[PDB]
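Engineer: Provided below: input_10.cif, containing mmCIF, C-alpha atoms and all ligand atoms.
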```cif
data_input
#
loop_
_atom_site.label_atom_id
_atom_site.label_comp_id
_atom_site.auth_asym_id
_atom_site.auth_seq_id
_atom_site.Cartn_x
_atom_site.Cartn_y
_atom_site.Cartn_z
CA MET A 1 -49.34 38.52 33.81
CA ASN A 2 -49.25 39.43 30.12
CA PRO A 3 -50.54 37.10 27.41
CA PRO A 4 -48.88 37.08 23.98
CA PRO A 5 -49.89 40.12 21.90
CA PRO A 6 -52.39 39.67 19.07
CA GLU A 7 -50.90 38.26 15.88
CA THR A 8 -49.94 40.70 13.13
CA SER A 9 -49.43 38.05 10.42
CA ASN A 10 -50.59 34.51 9.75
CA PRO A 11 -49.38 32.16 6.98
CA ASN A 12 -52.86 30.59 6.85
CA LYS A 13 -54.76 33.91 6.72
CA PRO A 14 -54.91 35.51 3.25
CA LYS A 15 -53.52 39.01 2.76
CA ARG A 16 -55.11 41.84 0.80
CA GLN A 17 -54.47 45.51 0.01
CA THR A 18 -57.30 47.91 -0.85
CA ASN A 19 -57.71 51.65 -1.29
CA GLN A 20 -59.68 51.87 1.96
CA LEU A 21 -57.05 49.85 3.84
CA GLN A 22 -54.33 52.17 2.54
CA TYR A 23 -56.55 55.05 3.68
CA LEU A 24 -57.02 53.41 7.09
CA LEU A 25 -53.24 53.34 7.60
CA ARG A 26 -52.14 56.55 5.89
CA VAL A 27 -54.74 58.98 7.27
CA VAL A 28 -56.87 57.14 9.85
CA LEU A 29 -54.22 55.35 11.93
CA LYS A 30 -51.39 57.84 11.44
CA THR A 31 -53.52 60.85 12.39
CA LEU A 32 -54.98 59.13 15.47
CA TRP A 33 -51.41 58.10 16.32
CA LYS A 34 -50.38 61.77 16.58
CA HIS A 35 -53.27 62.82 18.84
CA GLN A 36 -52.30 63.97 22.32
CA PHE A 37 -54.44 61.17 23.84
CA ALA A 38 -52.96 58.39 21.68
CA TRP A 39 -50.17 57.24 24.00
CA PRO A 40 -52.32 54.83 26.13
CA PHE A 41 -53.45 53.03 22.95
CA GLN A 42 -50.18 52.75 20.98
CA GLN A 43 -49.20 49.36 22.45
CA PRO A 44 -50.79 46.29 24.07
CA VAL A 45 -51.81 46.81 27.68
CA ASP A 46 -48.87 45.75 29.87
CA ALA A 47 -50.84 44.52 32.87
CA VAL A 48 -47.65 44.01 34.89
CA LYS A 49 -46.21 47.47 34.21
CA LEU A 50 -49.56 49.25 34.66
CA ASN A 51 -50.55 47.41 37.88
CA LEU A 52 -53.68 45.96 36.25
CA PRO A 53 -53.62 42.35 37.52
CA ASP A 54 -57.25 41.79 36.43
CA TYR A 55 -57.14 43.34 32.95
CA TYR A 56 -56.73 40.09 31.01
CA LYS A 57 -59.04 38.32 33.44
CA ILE A 58 -61.72 40.63 31.99
CA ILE A 59 -60.55 41.51 28.47
CA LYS A 60 -60.36 38.33 26.38
CA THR A 61 -59.99 40.11 23.01
CA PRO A 62 -57.39 42.84 23.58
CA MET A 63 -56.49 45.28 20.83
CA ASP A 64 -54.37 48.40 20.41
CA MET A 65 -53.28 50.79 17.68
CA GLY A 66 -49.77 49.33 17.70
CA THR A 67 -51.21 45.96 16.70
CA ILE A 68 -53.51 47.66 14.19
CA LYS A 69 -50.58 49.59 12.71
CA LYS A 70 -48.51 46.44 12.22
CA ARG A 71 -51.49 44.57 10.78
CA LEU A 72 -52.10 47.32 8.22
CA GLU A 73 -48.39 47.45 7.38
CA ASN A 74 -48.33 43.67 6.82
CA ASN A 75 -51.60 43.63 4.80
CA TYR A 76 -53.14 41.45 7.51
CA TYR A 77 -56.72 42.59 6.87
CA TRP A 78 -58.91 41.37 4.03
CA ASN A 79 -61.01 44.55 3.85
CA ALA A 80 -61.48 47.85 5.68
CA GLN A 81 -64.36 46.53 7.81
CA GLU A 82 -62.06 43.98 9.46
CA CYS A 83 -59.66 46.79 10.42
CA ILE A 84 -62.50 49.00 11.68
CA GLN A 85 -63.65 46.11 13.88
CA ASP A 86 -60.23 46.15 15.57
CA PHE A 87 -60.61 49.87 16.29
CA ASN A 88 -64.08 49.29 17.76
CA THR A 89 -62.73 46.41 19.86
CA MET A 90 -59.99 48.65 21.28
CA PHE A 91 -62.54 51.28 22.31
CA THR A 92 -65.10 48.82 23.68
CA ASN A 93 -62.43 47.06 25.76
CA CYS A 94 -61.58 50.42 27.33
CA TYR A 95 -65.22 51.17 28.17
CA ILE A 96 -65.77 47.63 29.48
CA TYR A 97 -62.79 47.58 31.85
CA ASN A 98 -63.01 51.20 33.04
CA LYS A 99 -65.80 53.43 34.37
CA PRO A 100 -67.31 56.72 33.17
CA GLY A 101 -65.25 59.68 34.36
CA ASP A 102 -61.85 57.99 34.21
CA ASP A 103 -59.10 59.85 32.37
CA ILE A 104 -58.58 56.81 30.14
CA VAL A 105 -62.27 56.89 29.20
CA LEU A 106 -62.24 60.58 28.30
CA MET A 107 -59.17 59.95 26.14
CA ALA A 108 -60.77 56.97 24.38
CA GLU A 109 -63.92 59.03 23.79
CA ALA A 110 -61.85 61.76 22.11
CA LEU A 111 -60.01 59.29 19.86
CA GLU A 112 -63.25 57.48 19.01
CA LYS A 113 -64.86 60.71 17.79
CA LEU A 114 -61.86 61.50 15.59
CA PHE A 115 -61.87 57.88 14.40
CA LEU A 116 -65.52 57.98 13.34
CA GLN A 117 -64.84 61.48 11.98
CA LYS A 118 -62.24 60.07 9.56
CA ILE A 119 -63.97 56.81 8.56
CA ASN A 120 -67.19 58.70 7.78
CA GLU A 121 -65.93 59.12 4.20
CA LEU A 122 -63.73 56.38 2.74
CA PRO A 123 -62.27 56.17 -0.78
CA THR A 124 -63.96 53.96 -3.34
CA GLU A 125 -62.51 51.15 -5.47
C1 LIG A 201 -57.03 50.18 31.58
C2 LIG A 201 -57.04 50.96 30.30
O1 LIG A 201 -58.06 51.20 29.69
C3 LIG A 201 -55.72 51.44 29.78
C4 LIG A 201 -55.27 51.38 28.34
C5 LIG A 201 -56.08 50.86 27.18
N1 LIG A 201 -54.02 51.90 28.25
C6 LIG A 201 -53.58 52.28 29.46
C7 LIG A 201 -52.22 52.87 29.63
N2 LIG A 201 -51.79 53.47 30.76
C8 LIG A 201 -50.53 53.85 30.47
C9 LIG A 201 -49.54 54.50 31.19
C10 LIG A 201 -48.31 54.75 30.58
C11 LIG A 201 -48.04 54.35 29.27
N3 LIG A 201 -46.79 54.62 28.69
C12 LIG A 201 -46.13 55.89 28.96
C13 LIG A 201 -44.71 55.73 28.42
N4 LIG A 201 -44.72 55.47 26.97
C14 LIG A 201 -43.38 55.02 26.55
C15 LIG A 201 -45.71 54.44 26.60
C16 LIG A 201 -46.18 53.63 27.81
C17 LIG A 201 -49.00 53.70 28.52
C18 LIG A 201 -50.25 53.43 29.08
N5 LIG A 201 -51.35 52.82 28.61
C19 LIG A 201 -54.58 52.02 30.51
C20 LIG A 201 -54.49 52.31 31.97
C21 LIG A 201 -55.42 53.09 32.63
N6 LIG A 201 -54.98 53.11 33.91
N7 LIG A 201 -53.80 52.35 33.96
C22 LIG A 201 -53.17 52.27 35.30
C23 LIG A 201 -53.46 51.84 32.77
#
```
Spit out the file's structure as structure tokens when you get a sec.
Ligand SMILES: CC(=O)c1c(C)[nH]c(-c2nc3ccc(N4CCN(C)CC4)cc3[nH]2)c1-c1cnn(C)c1
Structural biologist:
Amino acid sequence: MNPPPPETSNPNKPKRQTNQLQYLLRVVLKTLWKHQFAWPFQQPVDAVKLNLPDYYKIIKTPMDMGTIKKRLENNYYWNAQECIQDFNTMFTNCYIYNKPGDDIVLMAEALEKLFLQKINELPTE
């Protein structure tokens, strides 16, 4: 069964827009979005559709680039580090639930390299 997707806005959580957050959406997210291995990470894991009845029994902090995209578009993050933590959570969840050698793991490893490749240099203030 699928839990509700992660929130992309919160009236109690303060919003903020920075140069690095604009960079994280314009170049980081949107380039990773166009990678050939991006399709398994563009939406929350549908455990019912994907026949993964144990996914949310294991993953208690799910994350995907679709949620990250909407959060960046809604200025959900306070700074760039909070957004980067969502990217790291998405990758770590994939390595936690799956095993080395899986196609999904090779695809997450390729996106993670390109992710670190593009956050290596961020704009200043
Ligand atoms: C467990 C795991 O780490 C996974 C993650 C983070 N994501 C997927 C995943 N698998 C998919 C298959 C198809 C699609 N599509 C194609 C059509 N398009 C419209 C978008 C939806 C999206 C998919 N995401 C898996 C996965 C690996 N094994 N399984 C059985 C699921």
Engineer: For a quick check of your reading of the model, name the residues lying within 10 Å of the coordinate (-57.2, 47.9, 3.5), counting all atoms listed in the file, and write them as a VMD selection string.
Structural biologist: chain A and resid 15 to 25 71 to 73 75 to 84
Engineer: Write as a PyMOL selection string the residues around ligand LIG 201 (chain A), taking 8 Å as the cut-off and counting all atoms listed in the file.
Structural biologist: chain A and resi 39-47+50-52+55+64+90+93-95+97-98+103-105
Engineer: Using CA of residue 9 (chain A) and CA of residue 74 (chain A) as the two end points, give the distance in Å to one decimal.
Structural biologist: 6.8 Å
Engineer: Would you please work out which residue, of A:113, A:70, A:89, A:120, is nearest to residue 30 (chain A) when using only C-alpha atoms?
Structural biologist: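 Under the stated criterion, the closest residue is A:70.
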Engineer: Show me the residues close to (-56.9, 51.9, 16.2) - anything with an atom within 6 Å, counting all atoms listed in the file - and format the list as a VMD selection string.
Structural biologist: chain A and resid 65 68 87
Engineer: Please determine, counting all atoms listed in the file, which residue among A:114, A:119, A:88, A:11 has the shortest atom-to-atom distance to residue 34 (chain A).
Structural biologist: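 Answer, going by the shortest atom-to-atom distance: A:114.
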